[PDB]
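One chain follows as structure tokens, the form deposited without ligand HPA.
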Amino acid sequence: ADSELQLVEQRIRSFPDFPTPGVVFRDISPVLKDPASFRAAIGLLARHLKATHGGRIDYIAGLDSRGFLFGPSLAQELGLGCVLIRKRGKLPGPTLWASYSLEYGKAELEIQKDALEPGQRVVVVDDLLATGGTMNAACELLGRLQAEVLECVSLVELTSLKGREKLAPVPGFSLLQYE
């Protein structure tokens, strides 16, 4: 490509009618497969977070499961640790949990009770912002641990699903937007 953003944008692959007829799926797989594209993606997110919070972030919180692909790498780039917010049942020890809407039904996310001490400043990371269901659940869980969620970031945002407005008061950032 050329610029870093187009190095990422050219690696987001479109699949119409997946998983259901009418929708257009955005596949982030080529970004991970091309090391130059992955590097560019992490760098863009890292520079945004460094410029925005001035190095004053305590942890990245990565979302099960595609957020796991970006969370640790972004954390490492910023010199920060990464905490995990997982689907219900995946984490050992005492947990807090929260429900959210998934397709035609309901699901739950969880976090370990000792994942954070009170007052930690945290950025939530996932690959794609759609309905905002999981990010909303994530913010609720972090709040119960008395964390300060600085913002939610993703590579892709699907604007027609209005995920960003649901996250308020928490600000959202995304590298790329489609419907």
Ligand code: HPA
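Numbering starts at 1 and runs along the sequence shown.
- Averaged over their C-alpha atoms, the temperature factors of 169 to 177 and 1 to 9 are higher for 1 to 9.
- The mean C-alpha temperature factor is higher for 65 to 73 when 47 to 55 and 65 to 73 are set side by side.
- When the Cα B-factors of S29, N136, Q120, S37 are read from the PDB record, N136 comes out highest.
- Among the modelled residues of the chain, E110 sits in the middle third by CA temperature factor in this PDB entry.
- When all modelled residues of the chain are sorted by CA temperature factor, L116 is found within the highest third.
- Among all modelled residues in its chain, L129 ranks in the lowest third by Cα B-factor.
- In this PDB entry, the Cα temperature factor of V83 sits in the bottom third of its chain's modelled residues, the lowest group.
- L145: CA B factor lies in the highest third for its chain, per the PDB record.
In what follows, reference is made to the form solved in complex with ligand HPA, a form of this protein that is not presented.
- Partner contacts here mean any heavy atom within 4.5 Å of ligand HPA in the entry with it bound, and among 39 to 47, 53 to 61, 141 to 149, 24 to 32 they occur only in 24 to 32.
- Mapping the unseen interface onto this chain, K113 falls outside it, with no heavy atom inside 4.5 Å of ligand HPA in the entry with it bound.
- At a distance threshold of 4.5 angstroms between non-hydrogen atoms, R66 is in contact with ligand HPA in the entry with it bound.
- By the criterion of a heavy atom within 4.5 Å, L158 is counted among the residues contacting ligand HPA in the entry with it bound.
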